[PDB]
Each structure stands twice: as structure tokens, then as C-alpha cells.
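S.K.: Mind having a look at this structure? Questions to follow.
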Amino acid sequence: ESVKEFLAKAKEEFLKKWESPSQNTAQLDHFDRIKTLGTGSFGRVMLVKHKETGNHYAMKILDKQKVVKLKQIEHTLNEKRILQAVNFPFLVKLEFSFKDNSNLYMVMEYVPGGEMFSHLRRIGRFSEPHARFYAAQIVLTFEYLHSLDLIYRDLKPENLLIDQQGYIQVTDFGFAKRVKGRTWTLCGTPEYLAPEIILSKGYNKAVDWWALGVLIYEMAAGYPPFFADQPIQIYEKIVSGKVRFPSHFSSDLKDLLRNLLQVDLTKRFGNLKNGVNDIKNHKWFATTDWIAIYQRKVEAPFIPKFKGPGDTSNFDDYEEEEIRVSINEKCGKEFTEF
Ligand SMILES: Nc1nccc2c(S(=O)(=O)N3CCCNCC3)cccc12
């Protein structure tokens, strides 16, 4: 009953914000630009400092014209509407959002420890306890999100940031969506796509549990289970129903992964009658105190090395380009609700 009542309150609070989203809660000239943290085909993320409070934030800047061209309108509206409505210890906090003639802006808490991906590649692989600590946070986060009828659809190490306490902050809700039943959009990252996405089926939250299998495998092995030079070769491996495990994997880990990386979605853990509890009760998680993880009382495998809330040493270097704002409004109709 404790979990039932927790999730009932979580849904109530989410729905109130979902039905009345916040809008236009800061403006660009409230901030100083520090450094570019990441860059993509329709936006980038910049470390900024608020000029009045001195607080640092990660400001995601999306170019409206490029969002339209790349057919991401609904997705960017989803991202902001969801991010402003959720509240969970392992979900990045959206502090402000606004738009101008050219861009959409999402101003999040800056997570200074860097991507999980960087740390994974620097150490090679994570031990099973280390992988399990991160995996447990994802399990709880998906329990939360799925209970709100949300599917995440972008799980991968580059989207999981390590915070000052060594815990995960999930970022990038660009593919997150409120879905009762099935959805159909082809989106994600090749190595992490569930078979039913590749096969153009109507799919559900089971794709997130498949992606958790991929993530756990990649954390524990150092490389993902299905890889190849060309996406088509990756997809052939994904749909095949075959996966090979390193001999160093424990039997418990292999068993959990066979059930998450189950090609038949009707047999996949997280999508059966027992829901998330088939995962939470699996022997690989027998040492996990789920409540202690949620309360952030477990000592982390490592604390990232950084000097202060403005330190960018755990992130990499990108060309510093202008934030130009057109003198004419672009795509005003499409982004009215943002
Ligand atoms: N709150 C954040 N704090 C640091 C960085 C953040 C980023 S980010 O793009 O800079 N980042 C690293 C490069 C691209 N991969 C995705 C994660 C994205 C979203 C939120 C962030």
C-alpha cells in the first residue's frame, strides 16, 4: 500500500502541472553565457549563470526553424510539458523555460559530474555493484514515469549525468511522451532500439525495459550487446533473439538480461502481470534496498571530481557559436503552447 499511495500522490501532482503548464518564467538577458556543453542538429546546451542569483544552469536552446524542418515540433512540446510537470529524485529539474523570435529555451539545474558515458569509457566497465546502483535508479525512475503514462524512449549512457553525490540525473526528454496504450514514432538510438520499434509496430513502455537491458549490459561489459558498423547490421542482431554474454557476467546478471532483452515483448520483464516487481524482486537486485536508493542514503560508487558548481572539466569542448535571435518571429503558431 505504501507504493500504491506514493504513486497515487505522484500522479495527482503530475496531472495538476500537466493540465496547467508553466510558461515564460525567465528571459535570455537574465543570464550570462559560460560554455557550450553539447550540440546537436537542432539545438545545443550551454552552461549559463543567472546574473542576479549567481546560480549555474544548463540551458538547452532549440532552433525553432530546425525543429520544424526535422519534424520535432510535437516532441519538443512534449519535452517541456513533461519536464515542467515531473518530480522525482533522479529526473533533472527544469527551473525556467521561455521562447523568443528564434529559439525555445529550457533552463535546467546544471549537473556538473558529466555523462555516465564518459566515466564508463574512462574505466572500461563498471563492476556489477556499480552497474546495479545506477540500474536501480533507472528502475525506480521508470516505475515513476510509467505510472504517469509516460514513456521515456531515449535511455543511453550519454543521457545520464552524474551529480555531486554520485547519483544519476536523467536528461533529454525529447522523445518522452504521454501514452495510454501504444505509440508508433521511430525514434531513439540504433543500439538501444527494441525489436518492435525496428519492425514499425505499435509499441508501449516495454521498449524502456528493453533499453534498460541494453544499458545494464553496456555498463557491465563496457560495450552494448548489439553493435556493428551500419545500423542495418545492428537491427538484424537486435531482432534475431540471440545475445552473447561475457563470461565474467554473473549467472544472475545473465538471467536478468535474457528477460529484459526478450525479443517477444509479451514475455519481457517489466511488461508482465507483475510489472516492475519482476525486476525489483530478481536475484540480481537482492542486495538493493529500494527505499534507501530512493532516499539517496546509499554511498555512491564514486563522486565525480569537480571544483565547484561552475566547473566544466567533466564535459568536453565544442566550437563556441553565436546565440542569434532574429528580429522577426519564426514559427510562432507552431510553438504557441511552449
Ligand atoms: N542539466 C544538464 N547538465 C549538464 C549537461 C546537460 C546536457 S548536455 O547536452 O550538455 N550533456 C552532455 C553533452 C551532450 N550529451 C547529453 C548530456 C543536456 C541536458 C541537461 C544537462
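Convention: chains lettered A, B, ... in C-alpha cells order; per-chain residue numbering from 1; ligands numbered from 1 as shown.
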Using only C-alpha atoms and all ligand atoms, find each residue in chain A having at least one atom no more than 7 Å away from ligand 1; report its shortest atom-to-atom pair and that distance in Å (one decimal), rows by chain then rising number, as CSV.
M.R.:
residue,atom,partner,partner_atom_place_in_ligand_line,distance
A:37,CA,ligand 1,10 (O),4.0
A:38,CA,ligand 1,13 (C),3.9
A:39,CA,ligand 1,14 (C),6.5
A:44,CA,ligand 1,9 (O),6.7
A:45,CA,ligand 1,9 (O),5.0
A:46,CA,ligand 1,10 (O),6.8
A:57,CA,ligand 1,1 (N),6.9
A:58,CA,ligand 1,2 (C),4.8
A:60,CA,ligand 1,19 (C),6.5
A:92,CA,ligand 1,1 (N),6.2
A:108,CA,ligand 1,1 (N),5.1
A:109,CA,ligand 1,1 (N),5.0
A:110,CA,ligand 1,3 (N),3.9
A:111,CA,ligand 1,3 (N),4.0
A:112,CA,ligand 1,4 (C),6.1
A:114,CA,ligand 1,4 (C),6.7
A:115,CA,ligand 1,17 (C),6.0
A:158,CA,ligand 1,15 (N),5.1
A:159,CA,ligand 1,16 (C),4.9
A:161,CA,ligand 1,17 (C),6.7
A:171,CA,ligand 1,19 (C),5.1
A:172,CA,ligand 1,19 (C),5.7
A:315,CA,ligand 1,12 (C),6.5
S.K.: Taking 4 positions as the minimum chain separation for residues in the same chain, which residues sit within 7 Å of segment 137-141 of chain A when counting only C-alpha atoms? Answer as a list in words.
M.R.: residues 90, 133, 145 and 293 of chain A
S.K.: Can you work out which one of A:59, A:176, A:151, A:168 has the shortest atom-to-atom distance to residue 74 of chain A, counting only C-alpha atoms?
M.R.: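 For residue 74 of chain A, the nearest of the candidates is A:176.
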S.K.: Ranking A:117, A:129, A:292, A:234 by minimum distance to residue 250 of chain A and counting only C-alpha atoms, which one comes first?
M.R.: A:129
S.K.: Which residue is closest to residue 298 of chain A? Choose from A:166, A:89, A:124, A:54 and count only C-alpha atoms.
M.R.: A:166
S.K.: Near residue 102 of chain A, within 8 Å and counting only C-alpha atoms, which residues show up once chain neighbours fewer than 3 positions away are dropped, as a PyMOL selection string?
M.R.: chain A and resi 63-65+99+324-326+329-330
S.K.: Filtering to C-alpha atoms, could you give me those residues as an mmCIF file, in the first residue's frame?
M.R.:
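result_16.cif, written as the output of this step:
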data_model
loop_
_atom_site.group_PDB
_atom_site.id
_atom_site.type_symbol
_atom_site.label_atom_id
_atom_site.label_comp_id
_atom_site.auth_asym_id
_atom_site.auth_seq_id
_atom_site.Cartn_x
_atom_site.Cartn_y
_atom_site.Cartn_z
ATOM 1 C CA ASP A 63 16.192 26.462 -33.036
ATOM 2 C CA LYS A 64 12.501 26.654 -33.944
ATOM 3 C CA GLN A 65 13.094 26.561 -37.702
ATOM 4 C CA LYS A 99 10.972 31.367 -26.085
ATOM 5 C CA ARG A 324 21.485 34.849 -32.594
ATOM 6 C CA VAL A 325 17.863 35.948 -32.178
ATOM 7 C CA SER A 326 16.066 37.073 -35.349
ATOM 8 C CA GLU A 329 9.323 35.988 -35.109
ATOM 9 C CA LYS A 330 9.769 32.491 -36.566
#
S.K.: Tell me which protein, DNA and RNA residues are within 12 Å of residue 22 of chain A, counting only C-alpha atoms, leaving out same-chain ones fewer than 6 positions away, and put them as an NGL selection string.
M.R.: :A and (16 or 80-85 or 94-98 or 106 or 337-338)
S.K.: Mind running segment 66-179 of chain A against segment 191-215 of chain A at 9 Å and telling me each contacting residue's nearest atom pair with the distance in Å (one decimal), counting only C-alpha atoms, chain and number ascending, as a tab-separated table?
M.R.:
residue	atom	partner	partner_atom	distance
A:135	CA	A:212	CA	7.6
A:138	CA	A:212	CA	7.6
A:139	CA	A:212	CA	8.1
A:142	CA	A:208	CA	7.7
A:146	CA	A:205	CA	6.8
A:149	CA	A:205	CA	8.6
A:150	CA	A:205	CA	7.9
A:151	CA	A:205	CA	5.5
A:152	CA	A:208	CA	6.6
A:153	CA	A:208	CA	6.0
A:154	CA	A:192	CA	8.2
A:155	CA	A:211	CA	6.2
A:156	CA	A:215	CA	6.3
A:157	CA	A:215	CA	7.1
A:179	CA	A:204	CA	7.8
S.K.: Using N, CA, C and O atoms, can you write the selected residues to a file as an mmCIF file, in the first residue's frame?
M.R.:
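The result, stored in out-v8.cif:
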data_model
loop_
_atom_site.group_PDB
_atom_site.id
_atom_site.type_symbol
_atom_site.label_atom_id
_atom_site.label_comp_id
_atom_site.auth_asym_id
_atom_site.auth_seq_id
_atom_site.Cartn_x
_atom_site.Cartn_y
_atom_site.Cartn_z
ATOM 1 N N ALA A 135 21.508 1.109 -12.197
ATOM 2 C CA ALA A 135 20.319 0.440 -12.725
ATOM 3 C C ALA A 135 19.126 0.598 -11.790
ATOM 4 O O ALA A 135 18.003 0.818 -12.249
ATOM 5 N N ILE A 138 17.399 3.781 -12.368
ATOM 6 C CA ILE A 138 16.596 3.765 -13.585
ATOM 7 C C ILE A 138 15.309 2.973 -13.374
ATOM 8 O O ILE A 138 14.245 3.354 -13.879
ATOM 9 N N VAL A 139 15.389 1.844 -12.664
ATOM 10 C CA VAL A 139 14.192 1.049 -12.399
ATOM 11 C C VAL A 139 13.141 1.894 -11.681
ATOM 12 O O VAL A 139 11.962 1.918 -12.065
ATOM 13 N N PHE A 142 11.703 4.639 -14.004
ATOM 14 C CA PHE A 142 10.729 4.109 -14.956
ATOM 15 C C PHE A 142 9.440 3.685 -14.253
ATOM 16 O O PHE A 142 8.345 3.858 -14.794
ATOM 17 N N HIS A 146 6.326 5.443 -15.856
ATOM 18 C CA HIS A 146 5.296 4.604 -16.462
ATOM 19 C C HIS A 146 3.978 4.722 -15.717
ATOM 20 O O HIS A 146 2.907 4.625 -16.329
ATOM 21 N N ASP A 149 1.818 7.240 -17.140
ATOM 22 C CA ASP A 149 1.547 7.004 -18.557
ATOM 23 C C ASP A 149 2.590 7.656 -19.458
ATOM 24 O O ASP A 149 2.310 7.984 -20.611
ATOM 25 N N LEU A 150 3.801 7.822 -18.947
ATOM 26 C CA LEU A 150 4.903 8.375 -19.719
ATOM 27 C C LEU A 150 5.856 7.275 -20.154
ATOM 28 O O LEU A 150 6.204 6.398 -19.362
ATOM 29 N N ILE A 151 6.299 7.349 -21.410
ATOM 30 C CA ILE A 151 7.360 6.502 -21.951
ATOM 31 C C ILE A 151 8.541 7.404 -22.277
ATOM 32 O O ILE A 151 8.365 8.503 -22.810
ATOM 33 N N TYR A 152 9.742 6.944 -21.943
ATOM 34 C CA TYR A 152 10.939 7.782 -21.982
ATOM 35 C C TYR A 152 11.646 7.763 -23.342
ATOM 36 O O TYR A 152 11.879 8.821 -23.935
ATOM 37 N N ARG A 153 12.003 6.579 -23.843
ATOM 38 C CA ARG A 153 12.449 6.343 -25.224
ATOM 39 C C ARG A 153 13.828 6.885 -25.591
ATOM 40 O O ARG A 153 14.175 6.889 -26.774
ATOM 41 N N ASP A 154 14.624 7.363 -24.645
ATOM 42 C CA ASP A 154 15.966 7.795 -25.014
ATOM 43 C C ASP A 154 17.005 7.351 -23.998
ATOM 44 O O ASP A 154 17.988 8.054 -23.778
ATOM 45 N N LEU A 155 16.826 6.191 -23.374
ATOM 46 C CA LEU A 155 17.809 5.723 -22.395
ATOM 47 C C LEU A 155 19.120 5.351 -23.084
ATOM 48 O O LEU A 155 19.137 4.559 -24.032
ATOM 49 N N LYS A 156 20.219 5.912 -22.592
ATOM 50 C CA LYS A 156 21.567 5.586 -23.049
ATOM 51 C C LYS A 156 22.548 6.317 -22.139
ATOM 52 O O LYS A 156 22.174 7.300 -21.500
ATOM 53 N N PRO A 157 23.799 5.851 -22.056
ATOM 54 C CA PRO A 157 24.735 6.448 -21.089
ATOM 55 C C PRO A 157 25.002 7.932 -21.276
ATOM 56 O O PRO A 157 25.333 8.608 -20.292
ATOM 57 N N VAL A 179 1.468 8.513 -23.137
ATOM 58 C CA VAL A 179 0.928 7.455 -23.988
ATOM 59 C C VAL A 179 0.081 6.554 -23.104
ATOM 60 O O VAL A 179 0.609 5.909 -22.192
#
S.K.: Run DSSP on the backbone and tell me which residues of segment 4-90 of chain A come out as strand (DSSP E or B); list them as an MDAnalysis selection string.
M.R.: chainID A and resid 31:39 43:50 56:63
S.K.: Store the residues picked out above in a file with N, CA, C and O atoms, as a CSV table (one decimal), in the first residue's frame.
M.R.:
chain,number,residue,atom,x,y,z
A,31,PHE,N,20.7,35.9,-18.0
A,31,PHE,CA,21.8,35.0,-17.9
A,31,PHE,C,23.0,35.5,-18.6
A,31,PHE,O,23.0,36.2,-19.6
A,32,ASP,N,24.2,35.1,-18.1
A,32,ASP,CA,25.5,35.1,-18.8
A,32,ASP,C,25.8,33.8,-19.4
A,32,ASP,O,25.6,32.7,-18.7
A,33,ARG,N,26.4,33.8,-20.6
A,33,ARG,CA,26.8,32.6,-21.2
A,33,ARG,C,28.2,32.2,-20.8
A,33,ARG,O,29.1,33.1,-20.8
A,34,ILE,N,28.4,30.9,-20.4
A,34,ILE,CA,29.7,30.5,-19.9
A,34,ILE,C,30.4,29.6,-21.0
A,34,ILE,O,31.6,29.9,-21.4
A,35,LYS,N,29.8,28.5,-21.4
A,35,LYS,CA,30.4,27.5,-22.2
A,35,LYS,C,29.4,26.6,-22.9
A,35,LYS,O,28.4,26.3,-22.3
A,36,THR,N,29.7,26.1,-24.1
A,36,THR,CA,28.9,25.1,-24.7
A,36,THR,C,29.2,23.7,-24.2
A,36,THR,O,30.3,23.3,-24.2
A,37,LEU,N,28.2,23.1,-23.7
A,37,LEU,CA,28.3,21.7,-23.1
A,37,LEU,C,28.0,20.6,-24.1
A,37,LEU,O,28.5,19.5,-23.9
A,38,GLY,N,27.2,20.9,-25.1
A,38,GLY,CA,26.8,19.9,-26.1
A,38,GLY,C,26.1,20.5,-27.3
A,38,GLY,O,25.5,21.6,-27.1
A,39,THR,N,26.0,19.8,-28.4
A,39,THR,CA,25.5,20.4,-29.6
A,39,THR,C,24.9,19.3,-30.5
A,39,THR,O,25.5,18.2,-30.6
A,43,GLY,N,19.7,21.9,-31.8
A,43,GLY,CA,19.9,22.8,-30.6
A,43,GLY,C,21.3,22.5,-30.0
A,43,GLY,O,22.1,21.8,-30.6
A,44,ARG,N,21.5,23.1,-28.9
A,44,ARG,CA,22.7,22.9,-28.1
A,44,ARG,C,22.4,23.1,-26.6
A,44,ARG,O,21.3,23.6,-26.3
A,45,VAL,N,23.3,22.8,-25.8
A,45,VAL,CA,23.1,23.0,-24.3
A,45,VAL,C,24.3,23.9,-23.9
A,45,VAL,O,25.5,23.5,-24.2
A,46,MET,N,24.0,24.9,-23.1
A,46,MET,CA,25.1,25.9,-22.7
A,46,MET,C,25.0,26.0,-21.2
A,46,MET,O,24.0,26.2,-20.6
A,47,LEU,N,26.2,26.0,-20.6
A,47,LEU,CA,26.3,26.4,-19.2
A,47,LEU,C,26.1,27.9,-19.2
A,47,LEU,O,26.8,28.7,-19.9
A,48,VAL,N,25.2,28.4,-18.3
A,48,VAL,CA,24.9,29.8,-18.1
A,48,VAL,C,24.9,30.1,-16.6
A,48,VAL,O,24.8,29.2,-15.8
A,49,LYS,N,25.0,31.3,-16.3
A,49,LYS,CA,25.0,31.8,-14.9
A,49,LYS,C,23.9,32.9,-14.8
A,49,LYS,O,23.9,33.8,-15.6
A,50,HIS,N,23.0,32.7,-13.8
A,50,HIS,CA,22.0,33.7,-13.6
A,50,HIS,C,22.6,35.0,-13.0
A,50,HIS,O,23.3,34.9,-12.0
A,56,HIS,N,24.2,28.6,-11.4
A,56,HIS,CA,24.5,28.0,-12.7
A,56,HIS,C,23.4,27.1,-13.2
A,56,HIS,O,22.8,26.4,-12.3
A,57,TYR,N,23.2,27.1,-14.5
A,57,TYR,CA,22.2,26.2,-15.1
A,57,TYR,C,22.7,25.7,-16.4
A,57,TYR,O,23.6,26.3,-17.1
A,58,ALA,N,22.1,24.6,-16.9
A,58,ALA,CA,22.3,24.1,-18.2
A,58,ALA,C,21.1,24.6,-19.0
A,58,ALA,O,19.9,24.2,-18.8
A,59,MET,N,21.3,25.4,-20.0
A,59,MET,CA,20.3,26.0,-20.9
A,59,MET,C,20.3,25.3,-22.2
A,59,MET,O,21.2,25.4,-23.0
A,60,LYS,N,19.2,24.5,-22.4
A,60,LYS,CA,19.0,23.9,-23.7
A,60,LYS,C,18.3,24.8,-24.7
A,60,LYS,O,17.2,25.4,-24.3
A,61,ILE,N,18.9,25.1,-25.8
A,61,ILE,CA,18.5,26.1,-26.8
A,61,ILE,C,18.1,25.3,-28.1
A,61,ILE,O,19.0,24.7,-28.7
A,62,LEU,N,16.8,25.4,-28.5
A,62,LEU,CA,16.4,24.7,-29.7
A,62,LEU,C,16.0,25.7,-30.7
A,62,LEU,O,15.2,26.6,-30.4
A,63,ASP,N,16.5,25.6,-31.9
A,63,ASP,CA,16.2,26.5,-33.0
A,63,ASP,C,14.8,26.1,-33.6
A,63,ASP,O,14.7,25.0,-34.2
S.K.: Mind pulling up the distance from atom CA of residue 86 of chain A to atom CA of residue 101 of chain A?
M.R.: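 So the answer is 27.3 Å.
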S.K.: Quick one: pull the distance between atom CA of residue 183 of chain A and atom CA of residue 332 of chain A, Å, one decimal.
M.R.: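 Atom-to-atom, atom CA of residue 183 of chain A to atom CA of residue 332 of chain A, that is 27.1 Å.
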S.K.: For residue 15 of chain A, list every protein, DNA or RNA residue within 9 Å, evaluated using only C-alpha atoms, and leave out those in the same chain fewer than 4 positions away; present the list as a list in words.
M.R.: residues 10, 11, 19, 20, 85 and 148 of chain A
